[PDB]
Structure formats: C-alpha cells, structure tokens
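Asks: Below is the structure I would like to discuss, written out as structure tokens.
We did not get these values from a lab; they are worked out from the coordinates using the rules stated. Here the Cβ positions follow ideal geometry from the backbone for every residue, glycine too, while neighbour counts run over all protein chains shown.
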Amino acid sequence: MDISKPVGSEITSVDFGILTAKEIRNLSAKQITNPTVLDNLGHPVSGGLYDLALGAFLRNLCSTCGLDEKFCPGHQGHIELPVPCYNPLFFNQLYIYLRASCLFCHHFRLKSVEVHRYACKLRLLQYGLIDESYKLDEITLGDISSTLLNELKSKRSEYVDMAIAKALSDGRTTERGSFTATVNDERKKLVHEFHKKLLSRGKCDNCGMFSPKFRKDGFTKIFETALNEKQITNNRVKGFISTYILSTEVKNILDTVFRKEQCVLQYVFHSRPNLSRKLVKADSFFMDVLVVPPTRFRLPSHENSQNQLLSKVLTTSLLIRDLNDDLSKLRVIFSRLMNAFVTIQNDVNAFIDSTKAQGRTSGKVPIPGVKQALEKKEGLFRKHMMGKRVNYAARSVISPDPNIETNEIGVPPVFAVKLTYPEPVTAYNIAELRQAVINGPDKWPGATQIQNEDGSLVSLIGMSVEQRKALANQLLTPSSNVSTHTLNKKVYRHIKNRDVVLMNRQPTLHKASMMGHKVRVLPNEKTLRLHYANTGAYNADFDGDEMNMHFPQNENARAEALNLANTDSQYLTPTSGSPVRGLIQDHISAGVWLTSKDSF
Amino acid sequence: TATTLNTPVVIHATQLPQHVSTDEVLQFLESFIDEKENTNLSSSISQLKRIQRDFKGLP
Amino acid sequence: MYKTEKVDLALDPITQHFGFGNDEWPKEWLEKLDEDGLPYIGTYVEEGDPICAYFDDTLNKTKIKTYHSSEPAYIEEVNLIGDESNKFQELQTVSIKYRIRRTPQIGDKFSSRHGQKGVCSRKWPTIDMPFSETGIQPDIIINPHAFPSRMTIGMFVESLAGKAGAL
Amino acid sequence: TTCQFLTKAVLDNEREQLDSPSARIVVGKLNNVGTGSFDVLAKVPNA
Amino acid sequence: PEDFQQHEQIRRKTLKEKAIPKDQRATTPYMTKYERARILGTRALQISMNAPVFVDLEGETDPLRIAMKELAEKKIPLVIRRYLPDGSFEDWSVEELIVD
Amino acid sequence: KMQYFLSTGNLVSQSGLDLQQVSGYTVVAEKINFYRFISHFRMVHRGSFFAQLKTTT
Amino acid sequence: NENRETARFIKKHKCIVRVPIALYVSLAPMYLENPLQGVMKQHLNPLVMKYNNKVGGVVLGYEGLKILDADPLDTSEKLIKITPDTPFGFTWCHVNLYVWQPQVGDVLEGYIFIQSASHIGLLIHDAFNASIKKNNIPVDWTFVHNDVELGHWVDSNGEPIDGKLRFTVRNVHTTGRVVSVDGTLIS
Amino acid sequence: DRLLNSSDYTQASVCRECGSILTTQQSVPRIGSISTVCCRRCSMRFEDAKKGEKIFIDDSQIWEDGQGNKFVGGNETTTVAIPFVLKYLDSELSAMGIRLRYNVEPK
Amino acid sequence: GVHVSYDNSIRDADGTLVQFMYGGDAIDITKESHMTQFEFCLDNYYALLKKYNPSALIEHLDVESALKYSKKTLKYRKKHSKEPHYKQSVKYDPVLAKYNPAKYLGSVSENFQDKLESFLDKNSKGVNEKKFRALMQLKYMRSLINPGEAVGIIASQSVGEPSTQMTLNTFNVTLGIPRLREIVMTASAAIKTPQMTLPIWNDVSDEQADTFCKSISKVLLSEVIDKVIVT
DNA sequence: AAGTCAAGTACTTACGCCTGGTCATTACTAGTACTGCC
DNA sequence: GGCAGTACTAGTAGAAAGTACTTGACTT
RNA sequence: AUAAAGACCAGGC
Ligand SMILES: [Zn+2]
Ligand SMILES: [Zn+2]
Ligand SMILES: [Zn+2]
C-alpha cells in the first residue's frame, strides 16, 4: 500500500440478496450456448465458456472492456436454461414449504388466526421490542364465525401499531429497528417453531380437505405420493359441499401459495423492517439462468476449471433445445425428455454441490466446482481470508548472540539487501538518504527502488553509479505540476538500526510469542541472531529451530511495534503474573561463583 | 488527474438554482479576479477576463 | 553436493540442434559453452549462466537455456545420450552433473553419535580459544550445561575411551 | 459450515454491520478492539 | 436538491445528539497507551509528509522519535475522538491529557 | 503399466487385492549415507492408513 | 408483477446562475495551519472553467468559503478529520459557484471565429467554443470559397454575414476537450 | 496493514446504488474522450429507455461497450480499498445465486 | 471481540455487555504484583513517591468524594460481620461502581482495603500514615487496565498456553484437556462422571455416614445372585 | 386423528508452519489412411 | 491394380467420535 | 526474455 493514494470511502454495513431473472438478464454481456472450450489454431471461440467478451484471455484483448489482461478485471457471464429448477442450498427449505401448502386453496393447512399471529409477532420481533411479544399472545378476548376473527385481526393490528408507535415515540427503538443477540435468539427459535409446524398435521383448516404429501427421493426429484382409500372418499365428499410429476409445476404451486400468504413470508424471510417494500416470490430462489465467473478466475493452467461441468450443462441444454424443436414438427421421445430433465437438474446440482450427482466409478475425487472449491479443508477461507501470504518478510535459522541488550537482534546483509521500506523525502533526510541512493541496493546501506510522484516505480538493480548520482542530485526537487505538488518521491530504504522488526515462531500460542524488536546489522553470516533471555519467551531452542521474521510497512506500524508490542513492555506475561524472561543456564551458573564469599 | 487527491468524492448542489442577473455576475467577476492573483490558474483567469469584458464591453 | 540436471531438447522433423548456426549472434557467452553445444568441464556456473545453447531452424536463432538454482555449482561431467535405431538419429537428450563446494559454515546441525543435536553459533579464532598445557586448542567446545537435561553420559565415558585410545 | 450458514444468512436477508473482528478482516477499516475503537481528530486554527 | 437536504439535517442533528458537551464528559483523564501509540504513530506519519513543525529539531531523522518529542512538549494540533458503544463520543484534547 | 506401478507407487488393480491401503508402496532411495542404504533394506511399515487413524495403541 | 418490478427499479436509484454545493475533499499536511488555501489550490483552482457533471456547466469562480465543522458548538479554531491511513483530512464544506449552463433550445449570441465550407467555429462571449454542422445550414444559404487565400457564407438575402451571429443551442458536448455548443437553424 | 495492505490491497471500483464491484467496468471511449467508467448493471439499453416533452441527455451519460451496444445510466461509483479475494467472493458466491451488496459512505 | 470500553466495562463487538467490570477491579495481571507487598513498598516509599509523583495528580482528581463512601461501607461491614448476603442489605454497593475509577482517588476494591487496614493494625512505624495510604491508593488508581486492551484474546491464549504443557493422561476422575475441552466445547450435558460434593453435618459421625452411603448406593438384581441353575 | 417420544442417519468434524522429491500430462478402442503382396 | 494386414490418430469412458434434524411407532 | 494448480512418499520444529 502507498499512502499517496487515499481511499475516499469505507464500508459500514453489508447486506445480502438473491439473484433473480431480470437482474442477470441485464447483468451479463453476451449469451454463450455451445459446449466448446476453443477451436483449433489457439484462439477463443465465440459463444464458448472462454468467450472473448468475458475478459482478456491468452494475450488477446477483451471484447467488452477493450483493455489488456492487467487492466481488465473481468466480466460476468451467464448461460440460459430451458426449464427453471431449484438450488441445492435451498432445497431443504423448499421441502418444508412444499409439504405444507394446500393444493386446492393455495394456503397453508392451518387457519388464518394463528398464521397471522405468528406473522404479527415476527412483525414485533423485527424491531428491538420484546416486552410485548408475549403480551400479544394473551389477546384472545371475545365452529367460529369469520366476523369475530376479522375483528380479532383488527384489534391485533391496532395493538401492534400502537406498540410500534409508542416504542418508536419514546427513545426505545430506532426507525431502522434494533438488532442484538437476544432478539435473534427468539427469532431463530420462533421461526424454528414455524418449521415445527403443520408437518405433523393433517387436513387443512381453511378448506375442509386433505392434500397429497410429497416424499423426498434423497437428492434429485422430490416425488409425489399416491393417495389411499380413506382419502379418495374425501375427494368424493369435497364435491358434496411415488410418481414423477413435473418440475415447473412446483413453481406454479409456490407462486400462488406465496401470493395468498405474502404478508406472512414478508416477515418470516426478513430480519429487519422492510423499508423498500418489496415482494418475495418463488422466482427468487428458483434459478432460471446460471452465472459463470469471468475468465480471470477460469484460467486453463487441461480442464483445470469448471469447464468440464459447464460444458456438460450446455451439452444437455443443446440436446434439450433440440427436443422441443423435434416436437415442433409433430413413446421414447417422452422418456428421453423426462430423463433429460433429471440429467440437466442433476447436472447443475453437480456443478453447485458434490453430494447430489449420480457419478460413476471411483474418480480419485470429483473436481471441486464452486462450493467444495470454496471449502478445501472445510472452509478454504482459512487460506486467503484469515491467514495471508504476507510480503516484506524474512525467515532463517536463529543463532545465539550475547552483547545485544535484550531488545535488538542481528540481521545478515543478505536480509539487509532484499527487504526495504518506503520513506518520503523531506528536509530531515537530505543528508542521510542521499548516501542511500548513491550507495545502491547491493552495498549497505543504500536504496533499492525510488517511487516517483506519478506512481511509476523505478529501481536500481542494473543501473550505474553515475546514474545513481544523477538521481541523487535530482531527488529533492519540486513536483512537475500543482496536481502532484502535494507529495514528493518515497525512496525505499532497506533497513537501519532505527527500524523495528517483529519476530514470530510457529506454533505461536500466547501474546508474548510475537514481540517487536529493534534491529542491528551484523556482516558475519546469513543466519538470524537472538538473546539468551529472549529465546525463553518464544519457547524456542537452538537445535535447528526455524522461526519467521516480519517487517512493518508503515510509520504508525513502527510506533505500535516499538511502544506497544515491544519486548521490554512484554516483560510480564498476562497469564499468572510470572515474568517470562531471565538468563537460563550460563549467566546463572556464574552467579553462584561470582557473588559468593570465596571470590576476592 | 482523476483521483481523490484532485477531485471531490461526493458532490451535491445544496439548494435549487436561484437566478442572478448581469449585475451580480459583473460584481462576482470583478471581485474574485482581484481576489485570485493575490501555475495552471493563470490559464483559467485569462478565460475569466473574456467573460468579464464581453458582458461589460466589446472585444 | 552433486546436482544432476537432465535437459531434453525439441520440447516430426527435428528443428532444435545443439550448437550455433550461421547468422549474427552476440558474443561474450563462449566462456562456458563450446562450438559443439556443450559446456566446458570445470567452469564456474552461478545462477543465470549458459549451460546449453540450442539452434532452432523455425526461428533461425540460438537461444540459451539458462540455469536458475540456489547455489553456484561447478560442472564435473556431461553425458550424451542418443536413442538406438536402425536409422541415424541426432542426440536430443543431455545429462549434466554439477558439484557444489559446501564449505562448513555456522548453523549446520553438527552432532555426535549419542543424540546431542546442536548448531554453530560463531567460529572463534584459535588465539581467542583456550589452549591446553601441551599447547593444543580444542577445536570444538560443547556446553556442559546440557548434560543434566540431555542426560548424555555416553559422551563422557566415550571421551575417556577416545583419548585413552589415541594416546 | 459456511455453506449451511450462508443458507440461513441469505434466507432471512441478513444485514450485518461487520463489527466482529472476523468480519473486520474480510474488508474492515482497521479493527474494533484496541486502537480501532476510537478515532483521530485534528484541530486547525483557521476556519 | 431536497432529498439530501433533509438527509444533511439528519446527519447534523444525529451527530450533535451523539456529541456530549464539554462539562459532561466522565471518562478517564489519563493518556492511554493506545492513544499514545496512535498519537506517536499518526504524528510521525503526519510529520513525514513535510508538516509544519512546532518544536526545535536538531540533527534528528527518526519521525517516530520526533513525535515522541512533540508529545513530550505537547505541541501537536490533534484531539482524540473517543467513541462510546452507544454512539456518543468525547473530544479529549491531548494537551489536557497527562502522561507518565 | 508396471513401470507406472513402480513410478507413481499406487497400484491400479482390478481385483482389489488384499491390503487395505492404495498408495505408499515404493520409497525414493536417496542413497545419501550407507546407514540410509541399509535402513531401506531392513524397512518395516505398519501402513499409510494408520497415519490417519488417531489411536495410541 | 411488472408494476412492482418498476417500484424495485425506481428505488434502485434512490445564462449564468449561482448554485450552492456541498463537497467532501482532502487536505494536505503542509496546509494544516492554512486549510482554506490548501482546498483552494487543490480542488477549486483546477475546477474553474472546467465542465462539472453534477452542476452541469462551466464553473466561473467560487463564493462562500465556509469549511464545515466536525464538532457543532464561536471560535475560528475549527477541526478536521484525518483518515487513519493518510495524513490528509477529509472535511465537508459548502461553497457557492456561478455556473454557466447553456441548455437545449436557448438562444445565445456568438462571435465569428472560423468560416469553413461546412462548419462555423464561433466564440460565444470570447470564452467558449461552438460549432454548426453542414446539416444545420439553410438551403437558401450558399458558401463561397476565396481563391486568393478560408471562405465566406452568403445568407438568403445575398450578402455576407456580420460578426455578431446569434443562434440557438442544439447540443452541449462534454466528453471533448473544451465545451462545444452545437447550433440549430430552424425551429 | 499487514494482512491486507501488503498483498490483497487493491483499489477497486464500487457502485453506489447497486453496491457491487464485479459488475462495473470501463467502456470503450472515443479518440478524444478518455477515462470512462460506470456500472452496467443499473444501466439500461438506450433504445429501450425513451419518453412532459421529449427529454434529452448531455451525451456524457451515454457509454458504449466493445460489442457496439449503446447504454444509459449506472454512473454513481467510486474507488474503495478492498482485498481482491473479497472480489473473488463476490464472483464465486454469485455463481451460487447469492448476491452481496455493499453501501459505501457517504450514504 | 470482547474488550474494555471507556465506560469501564467489557462487552462484545456489536455492543452487548458481558460483565460490568473486568474481574470487579479492572486491574491488569501485569501490574498487580506489588499491590500486596505492603512491607516492600513501605521500605521503598521514597522511590515510589518519586516516580508516581502524587504532587502532580491532584488537579484533575477528586479525593474526599470516594473516601467518604469508603468510610461508610467499611463502617457497616464491620457493624454486622455476622451473616452472608442472603440476609444482607444492598444499600452500599462497592465504592468503585457509582464512582469513576481513574478519576476519583480512594475508590478501591474490598479485599485490598481489608488487608490494607489489617497491615496497618499489625504495625506502628520515619514516614507518616496519611501519606503512605495516599501513595498506596494512588498506586491502586494507577494500575487499572487501559481502556481498549484486547481482553478476550488474552483470556483465550492464557487458558490454552498451559494446556500445551500438561497434555497427558493422568497426574480419581478424568483430568486434563479431555475434560477442559469437554466443559467448553461439547455443550455440557449428562457427563461421563457425575460429581456432587456434600458437606457433612457436625453431630453425625462415621457410623452415621456409612449408613447413608449404603442407603443410596444402588444395587442391581445381579449383585445378589451367586449361582443360577436353569434346568 | 394428532401430539409426543424414541430410533435411524447424514454429515459434519480434527495441531502450527516450512523444505525437498516425483509425476503425469488418460487408457481402451475403433475408424481410417498408407504400405506391401498377389 | 485390387485386397488386406499393420500402425497412427482422434474420440470417449476396510476405521476414529459427537450432536441435532427427520421420521416411524405408540398411546390418548 | 518466463514459470500455475492439485495427487503420493520421505524429512525438519
Ligand atoms: Zn473485459
Ligand atoms: Zn386447504
Ligand atoms: Zn450500479
């Protein structure tokens, strides 16, 4: 990071969302259909997974942005599906709601008073109000006529409106609603009770008839169960007053079901007051158009990417778009269409997850496409989110070195040439930094790179001494124009005894295992130094122990490492009050003799 | 050029445009031309002089 | 040390041949390579030095396969290998063997045959080293404080038998 | 178990303010604990 | 020209509501080591950009120690913005804070 | 094919023969010291599968 | 369904006149004790006579240099907020700008500067640039070229045109180097 | 400043009204016009956006992709310091169907 | 995320509270070493007064405000001294709760004063007393935890650092990291070793306790059968 | 007929870091172009 | 000159535990 | 002028 480029914004909060149809209809740039990687002669094919409009690829300019590989951050893609299907992440949630709604009235199998009760209770739970959530449950004053039920919903509405009115009126809850842990406890509990719902119930309470239940066939094809004798008679009295069915009809059911109960799911699927007033339907989770990442995340090096899975989805997609074209100019043609639906939904489910594909003989592990690729050893995040590959750091074997005052270390010249640190040229460095730029990277102490005012980075790897002096006499100079006059060059400086370096050793297990020390060059060897009382805090030895060596890249980082994470301030460990420091064997075995009486 | 150091991050016109006549424009130009020369600003001041002469006289 | 490298040329008419051609090419890299396309036996080859140069016909240029490693090495022998066939086949596989002078520095895990693994802190001069009554200076000094913990009495009794055997 | 947590996070439309340090390392500004709680202001003599 | 005007008045009103007056602050009056590590870090990084100096500098080159001398003589135009978990904040001037 | 067996080490067998593991059968003899010479010739291994099991018996 | 999605889309986004503006810029450390001059020499001086997207026109100066204070209190000793990563100080402030914004349909005066065979380059009030393409030339008007050394235009009456030439704005060009105002011929 | 400002530190471009990073891009400008950048998600095709008389834009809103298609809208964006692997999260998680929107400050 | 705030209270990241004060005193372990060395600090009173400099810690500090409340609390404590809190009034909270810790002098903890006045009662010693206890209470007022210290990380590392030292099998009941991890991670439920400690009565004796253990000790039907001959 | 209690089971889970080495670029199989004998 | 064997190429195919969530039997 | 990943074995703390 350079302190010459300030960031003009930050991120206070983040919120989630679900891609819908029209969002990705206007999001991507081009539609790709054929399952080809690239044709011969080595150039990107049009309409392929490596389409040139999805970012630069193999030193070829992009077709969307028009820049090279370094300046093109990629572009989002999409593939078209013939029929919409669900996602493997939400299928466990849709199974509960598909086994819930009535197939005739398109409502839930409960009655309206209790469903509205849970809806208006979650209406209170959206805000930080909990004192009245249970007072509303005891409001039952007054088989059952619909008049007193509608009036009951009226008094509940006035009760909730009055509750939110007085809570928002006097300092209790903000207009955006409060969010804590105790409110999420009862929300995740009441919604979990909302999933302990009708699943153990029978006939619908709104309309007096049962409904055929669904049976999940464990990963691909929730099925529909056949009816029995004591219920077909119910099909004959409702007029008095196990089978693969289809895929899109599930959406046909969930559409009307999520329309006749919009106010309920409005509060169930929202953990905050809906200020935008949007409608939640079945088109959100039901994916109709896939999304492929840009080619920058799809480099070939072999099919070392999701290509061998997206090409399978596009292959079945091309086979099935020739099916309805075969039936246009109008049996096994129906069985292969049913199997096409099953093999294309299992295909996209194989792309997202790796626990639902039919597979084949032992594959030495299937390729991790997206999710199992996002979890290499159960949460890949531990590779690029928690622990990073830090820059400007050294690592070598340590060796004992007395005469160092318990706060410095010894750094080899080989480490005093590679590592560096930026320092802006000022009026208090014209006498010392000029010696560095004249010296150069190899001979200590010098400068390896000079950062211009225009961002361009110059180095001194293969430049001569006359060129070093040329940049020296032209080092402390005003900028080229006014827009760049605010700063000057930031000449890099390898290391000096006024710099700070933090020592670390795996496995670090306590606060004192990473201390900030001063440095001191020692042109003697290529290994690191340490003090006797210092190796006792790191729980280290000298039988070949290898530990790391970090290096800050900010002046404020030097302050924290020299005044807060310093070694002398870490004399006492915050565990039991015992100082983890002190000479170990040699300087104590000489104390019994030096401070003795038989020593004149 | 085209950086947060040179260009503002967020800009918003505070109040609706209230019209000013030629007298206010003439007083404005004559005020902050004497109050600007108290490197690239000279090329801009030379363009303020043109609108200051035309709305006052003939070139 | 001894680090053997196996170079295979021409990544079916062969186009990459060991050696040079006929057109213009820069000089100053003839100290290691010969006119036959093989390096001299004994030259000093550090990181970024020519080991084998090849002449391509599709580009009509002699490109040099560089040598990038950790430590500089000395060439000791270069093997030539050509697959046997009824027809004549030009060599396309060369086996070269290096050697690295590993001077014993500090930090090497010097030890004995008793299990006391240690490293070297600093190599002291002989004149700053304690000298015996005869005048010898023990080239190695091990810490006497590791014995109450390592419990390695073998390096004491064997040290008696060692001196008693050398006398 | 970030997959199952992603399900229950987007299903309820979660809007987190990235206050926990594990969330202040994904993007973050500095941190919440330590020297990341307070901020720095600077007085200027002229208006 | 009307929407962000109310938004601006909301920003100023909420900020003034979070701002606690001068005589009501009831926090510790001693310079914390975190604010000390940040006043030495921010000022050293501040003076590194050729800032106007308020103390005598003789042959010194380490900006970190320069900030230590600035804090030793209390010649820095900087005020600590101590936040509260509820959202309020105090403005504690470094000149008023005592050090050890 | 048997060259691949001794090269990579893992056996691609149809019959699924007796031993439980599937890899870890060949060892690259570095031939660094005569003690490493004799060590590989008097070698005993319980099995690379027990390296994953976390018992202490 | 459609009307609800338009509600989702509408909430997705949720001749010299003076206008007050509120901006949010940085501040250099060398201008610590003199912040107003720093802001002027960093975001105000390179802004005048440069087209701005927000106001939609050419800036012709500034007025009302009031730096917004971070602590709502009567002293001139204000305070600026420094970011935790750079010594620069991000501060709000309001300022009035006299902007020149020619809109489409307005009638404006011009001064002849270029008389070509298919285009007229003119300087409106000697400061800005304007153009009139060949498709905006009346059929009655005829161009005559000079063989001695440039050319001239002939109106419907049959005489050359005068220097003072008034027309109507067609379109304002922004992405170019200098603001160019296109002209119409028939309304 | 070590786990972020050493390797992952990249100043990407974040949209304001949409709040995503991957969707914004830089259109192909003219020979005179340079430095164009916008968010193409909130934008719409020019021919589809038409019109209380007929409204006209300053032709600076208009931007065009390399394919030649004409667009209008989606301009509010800024530069924000962000780890690049978080942009990888925005891309990889978008392949699952999940959307991450970030609201920058101000607003 | 849990840490000390400026209100002198440890709380999580979002803002929810954990405890109103760090260990009741908000003092760091790295500084509570000489807090109980009354004879040591008394022997070196001059140097401590030289480095603490109490003569410069009176401007922004209140002295008598906390001393009055501490005098009243110490008065009622020794006034009853008979029954635990199940019949004790709460009208006098600790002298640190209602007062500012790092602003009001004399506002100290309870056991610290109980051993302070006891140490003073067991000696008579040439430095005076009103200045010795002033430097002592000032020492307690300059040993608090700095507001902002990362507390939960220290609590996480100080409880696992010695766990590496003593990860073994035994050294009567399960012990070590198999139990230390079980209490925290396994969502403690019906456990492998249900323990319960019972304080015995005074008038009862050995022949009164063995009848109790024989009474509760379960006996299955198998403990009585010696031989089964099923024919 | 519905609510509760008990059983199956799906998978979800488990040290810190680093240096080397090989290794393999898929194997079985069938359509087709080229060479030599009759 | 026509038939057929042979080799080269492109395409395709048995072992650790700990807990809550779902579901079938049971009894009122 | 260039150089990326996962699979198995051995080894250091
Ligand atoms: Zn592109
Ligand atoms: Zn029904
Ligand atoms: Zn957008």
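Asks: For a bin width of 10 Å, list the pair-distance distribution of chain E built from all Cα-Cα distances, rounded to whole %.
Replies: Values per bin, smallest distances first: 13, 36, 25, 19, 7, 1.
Asks: If you take each beta carbon of peptide H:72-84 and count the beta carbons of other chains within 10 angstrom, what is the mean? Spell out each step's value before the answer.
Replies: On the way: counts 0, 2, 3, 1, 2, 0, 6, 9, 6, 11, 5, 7, 2.
Other-chain Cβ atoms within 10 Å of each residue's Cβ, averaged: 4.
Asks: Still on this structure: Suppose every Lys and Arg Cβ carries +1 and every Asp and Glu Cβ carries -1, with no other charges. What dipole size does chain F come out with about its Cα centre, to the nearest 20 debye? Write down the numbers at each step before the final one.
Replies: Working: 6 positive and 2 negative charges, 29 e Å.
Using Cβ point charges on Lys, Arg, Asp and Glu, chain F gives about 140 debye.
Asks: With the cut-off at 28 Å, report for chain I the share of all Cα pairs above it, as a whole percent.
Replies: On the way: 15297 of 26565 pairs.
That tail contains 58 percent of the Cα-Cα pairs.
Asks: Let me ask you something else. Could you pull out every residue, at least 5 positions away or on a different chain, whose amide H is within less than 5 Å of the one on A:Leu290? Hs are placed 1.01 Å off N in the peptide plane, and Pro or chain starts have none.
Replies: So A:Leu290 has HN proximity to A:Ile79, A:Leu81.
Asks: Would you kindly give the portion of the calculated P(r) for the range A:178-229 that falls above 13 Å, as a percent of all Cα pairs? Intermediate results must be reported in sequence, preceding the final value.
Replies: Working: 977 of 1326 pairs.
Here the long-distance tail beyond 13 Å is 74 percent of all Cα pairs in the range A:178-229.
Asks: Compute the Cα gyration tensor for chain G, then decide on rounded, prolate or oblate, letting a ≥ b ≥ c be the square roots of its eigenvalues: rounded whenever a/c is under 1.5, prolate when a/b is larger than b/c in the other cases, and oblate in all that remain.
Replies: Values: a/c = 3.35, a/b = 1.95, b/c = 1.72.
Verdict is prolate for chain G.
Asks: Return the FRET efficiency for the residue pair A:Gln308, C:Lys63: r is the Cβ-Cβ distance, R0 is 30 Å, and the value is rounded to the nearest 0.05. Don't skip to the answer; put the middle values down first.
Replies: On the way: r = 35 Å, r/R0 = 1.18.
Rounded to the nearest 0.05, the efficiency is 0.25.
Asks: With both bridge residues required to lie in chain G, what share of the DSSP beta bridges run antiparallel, to the nearest 5%? Before the final figure, lay out each step's value.
Replies: Working: 41 of 44 bridges.
Bridges in chain G that DSSP calls antiparallel: roughly 95 percent.
Asks: Continuing with the same structure: With just the Cα atoms defining each centre, how far is the range A:256-305 from the range A:315-388? Give it in Å.
Replies: If you average the Cα positions of each part, the centres end up 19 Å apart.
Asks: Farthest toward the dipole's positive end in the range A:171-329, which of A:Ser305, A:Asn235, A:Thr295, given Cβ charges of +1 (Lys, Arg) and -1 (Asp, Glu) about the Cα centre?
Replies: It is A:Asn235.
Asks: So, one more: Binning every alpha carbon pair distance of chain A at 20 Å from zero, what are the percents per bin?
Replies: Bins of 20 Å from zero give 13, 30, 32, 20, 5, 0, 0 percent of pairs.
Asks: Find how many whole Å separate the alpha carbon centroid of the range I:177-231 from the alpha carbon centroid of the range A:507-543.
Replies: 53 Å
Asks: Within 10 Å of each Cβ in C:112-121, how many Cβ atoms from other chains are there, averaged over the peptide?
Replies: Values: counts 0, 0, 0, 0, 1, 4, 4, 10, 4, 8.
The per-residue average across the peptide is 3.
Asks: How much net charge surrounds G:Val104 when only the other residues with a Cβ under 10 Å from the Cβ of G:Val104 are counted, with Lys and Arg +1 and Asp and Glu -1?
Replies: Details: positive: G:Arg170; negative: G:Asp106, G:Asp182, H:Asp58.
Taking every Cβ under 10 Å from that of G:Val104, the sum is -2.
Asks: Using label points projected 7 Å from each Cα along Cα→Cβ, tell me how many nm separate I:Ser158 and A:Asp255, to one decimal.
Replies: 6.3 nm
Asks: State the answer as a single residue: which of E:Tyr83, E:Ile39, E:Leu71 lies farthest towards the positive end of the charge dipole of chain E, with beta carbon charges of +1 for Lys and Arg and -1 for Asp and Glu, about the Cα centre.
Replies: Positive-most Cα among the choices belongs to E:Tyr83.
Asks: Could you please rank A:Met162, H:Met96, placing first whichever residue has the fewest other Cβ atoms within 10 Å of its Cβ?
Replies: Numbers: A:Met162 11, H:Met96 23.
So the residues, fewest neighbours to most, are A:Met162, H:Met96.
Asks: Using a 10 Å cut-off on Cβ to Cβ distances, tally the other chain neighbours for every residue of G:31-40 and report the average as a whole number.
Replies: Shielding by partners across G:31-40 averages 4.
Asks: A follow-up question, please. What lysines does I:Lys218 reach when the alpha-carbon gap must be under 23 Å and sequence neighbours fewer than 8 apart in one chain are set aside?
Replies: Cα-Cα hits under 23 Å: I:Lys192, I:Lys227.
Asks: Another question, then. Placing unit charges on C-beta atoms (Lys and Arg positive, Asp and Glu negative, everything else neutral), compute the dipole magnitude of the range G:15-102 about its Cα centre in debye, rounded to 20. Walk me through the intermediate numbers first.
Replies: Numbers: 7 positive and 7 negative charges, 90 e Å.
Roughly 440 debye, rounded to the nearest 20.
Asks: Counting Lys +1, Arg +1, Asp -1, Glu -1, what net charge surrounds A:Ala357 among other residues with beta carbon under 13 Å of its beta carbon?
Replies: Values: positive: A:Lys312, A:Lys356, A:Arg360, A:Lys371; negative: A:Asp347, A:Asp353.
Residues close to A:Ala357 contribute a combined charge of +2.
Asks: In deg cm²/dmol, rounded to 500, what helix-only [θ] at 222 nm does the protein assembly as shown give when every DSSP H run of at least 4 residues adds -39500 (n - 2.57) and the total is split over its residues? Please list the in-between numbers first.
Replies: On the way: 39 runs with 398 residues, N = 1555.
That comes out to -7500 deg cm²/dmol.
Asks: Quick one: net charge of I:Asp93's neighbours, Cβ under 12 Å, K/R +1, D/E -1? The partial results should precede the final answer.
Replies: Working: positive: I:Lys72, I:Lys91, I:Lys98; negative: I:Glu110.
Taking every other residue near I:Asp93 into account, the sum is +2.
Asks: Just check the protein assembly as shown against the gyration tensor rule for me: Cα atoms, a ≥ b ≥ c as the square roots of the eigenvalues, rounded for a/c under 1.5, and otherwise prolate or oblate depending on whether a/b exceeds b/c.
Replies: Numbers: a/c = 1.21, a/b = 1.15, b/c = 1.05.
Judged from the Cα gyration tensor, the protein assembly as shown comes out rounded (a/c under 1.5).
Asks: Still on this structure, please answer the following. So what's the range H:1-106 giving for Rg/Rh, alpha carbon basis, Kirkwood Rh from the mean inverse pair distance? Spell out each step's value before the answer.
Replies: Details: Rg = 16.1 Å, Rh = 15.6 Å.
Ratio of gyration radius to Kirkwood radius for the range H:1-106: 1.04.
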